[PDB]
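Both counts, for ligands and for their atoms, begin at 1 and track the order of listing. Both backbone and side-chain heavy atoms feed into the values below; hydrogens, waters and symmetry mates do not. For this chain, numbers begin at 1 and follow the sequence in order.
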Amino acid sequence: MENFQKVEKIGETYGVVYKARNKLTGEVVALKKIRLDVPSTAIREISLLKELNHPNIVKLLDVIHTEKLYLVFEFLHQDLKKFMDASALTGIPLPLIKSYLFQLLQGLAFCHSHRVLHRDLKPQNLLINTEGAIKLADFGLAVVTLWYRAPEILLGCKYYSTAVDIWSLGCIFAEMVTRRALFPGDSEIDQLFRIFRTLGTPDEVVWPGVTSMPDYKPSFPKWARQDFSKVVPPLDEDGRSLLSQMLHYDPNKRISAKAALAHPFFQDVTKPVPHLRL
Ligand SMILES: Cc1ncc(-c2nc(Nc3ccc(C(=O)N4CC[C@H](N(C)C)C4)cc3)ncc2F)n1C(C)C
């Protein structure tokens, strides 16, 4: 860590993140100081992450095990959240929404093909640059936001799948379009009940095995599903078709990252450059 000069704190569950300059090489980096107490398994788990390289995953440059674990990442200048708040006035243009969605699906397609899950996608851990790229960061690597949590997690599923990232990404997609969070819950039951009010209470019809999941209660209110035209106007038919498949209750019916990439929504996909003020 002596080789690095802290420029500024840029983020603070498990670990703080600093913009920092490599004292030798003048290299500017994000320097993550990880949740102190290293367990041997966590070291081999991060050594697996260093091999997981993709243009839509923030590059882990180095892991400094001394003695206090640091992770040195490629630096990116803004998160999606700040860009969304800076764009809240006319909204992010749809071409740029489509681009960001396609790229993150490509990152997820990659992660998932190697049986790596993110587990905690949100606007705060999606990082953007001046060239139109968007990148996954801060991989969930087993107050916190529940807003992008898949319903299987919230109902107590222990061995959940790659479909949790598709759910989260779908929530992020809707939020980019509408400029309002799709399920802004302030507790697990509120989060869950917000998902239920909008998409209807899941039963064995739409989600086989649901009534036997740990935190499922026969006594949950039974809400009727709302229209998707009510939920994400002004998303077009393709956009809404894709979103509905990313928000299927049954993790096994929820569209994969790979299948999603072939959806007609991306037919006219391009790569716009955003107007970013750094
Ligand atoms: C948790 C984590 N590990 C590694 C990184 C990381 N960050 C950056 N650079 C970066 C991130 C966020 C912002 C940013 O716009 N703000 C963070 C807080 C505030 N927002 C919540 C409104 C704005 C600027 C630069 N680069 C590479 C990384 F690996 N991160 C970030 C997600 C903070």
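At a heavy-atom cutoff of 4.0 Å, ligand 1 is contacted by the side chain of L127 but not by its backbone. With a 4.0 Å heavy-atom cut-off, ligand 1 is reached by the side chain of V58 but not by its N, CA, C or O. Neither the backbone nor the side chain of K19 has any atom closer than 4.0 Å to an atom of ligand 1 (non-hydrogen atoms only). With a heavy-atom cut-off of 4.0 Å, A30 touches ligand 1 through its side chain alone.
Below 4.0 Å from some heavy atom of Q124 lie the following atoms of ligand 1, by number and element: 32 (C). Every atom of ligand 1 is numbered from 1 in the order shown, and the set under 4.0 Å from a heavy atom of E74 is 26 (N), 27 (C), 28 (C), 29 (F). The distance from ligand 1 to the heavy atoms of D138 drops below 4.0 Å at these ligand atoms: 1 (C), 2 (C). Atoms of ligand 1 found under 4.0 Å from any heavy atom of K82 (numbered from 1 in listed order, with element): 15 (O). Ligand-side atoms of ligand 1 in range of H77: 24 (C), 25 (C), range being under 4.0 angstrom from any heavy atom. For ligand 1, the atoms sitting less than 4.0 Å from at least one non-hydrogen atom of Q78 are 15 (O), 24 (C), 25 (C), numbered in the order shown with element in parentheses.
At most 12 heavy atoms of other shown residues, nucleotides or ligands fall within 6.0 angstrom of atom CD in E188.
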Determine, step by step, whether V7 and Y18 satisfy the side chain to side chain contact (heavy atoms under 4.5 Å, CB included) criterion, reporting the C-alpha distance in whole Å, the side-chain angles of both residues, the deciding distance to 0.1 Å, and the verdict. CA-CA 7 Å; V7 174; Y18 290 82; over 6 Å; no

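Between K222 and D203, none of the side-chain N atoms (NZ, or NE/NH1/NH2) sits under 4.0 Å from a carboxylate O, so this pair counts as no salt bridge.
Evaluation of the ring-ring contact (aromatic ring centres under 6.0 Å, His included) rule for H77 yields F75 as partners, not counting sequence neighbours.
One finds the CZ atom of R225 at 9.5 Å from the OG1 atom of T198 (value rounded to the nearest 0.5 Å).
Under the 3.5 Å distance criterion, with hydrogens and angles disregarded, no donor-acceptor pair is assigned to the side chains of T41 and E45.
Between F139 and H118, the two ring planes are tilted [angle within 30° to 60°].
Checked against a 6.0 Å centroid threshold, the rings of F193 and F220 count as neighbours.
In terms of N/O distances under 3.5 Å, ligand 1 is not approached by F75. Inclusion of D79 in the set of residues having an N or O under 3.5 Å from an N or O of ligand 1 is warranted.
Linking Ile, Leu, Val, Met, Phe, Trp and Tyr residues whenever their side-chain heavy atoms come within less than 4.5 Å leaves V164 and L52 in two separate clusters.
When the options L76, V17, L278, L60 are ranked by their closest heavy atom to atom 2 (C) of ligand 1, first place goes to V17.
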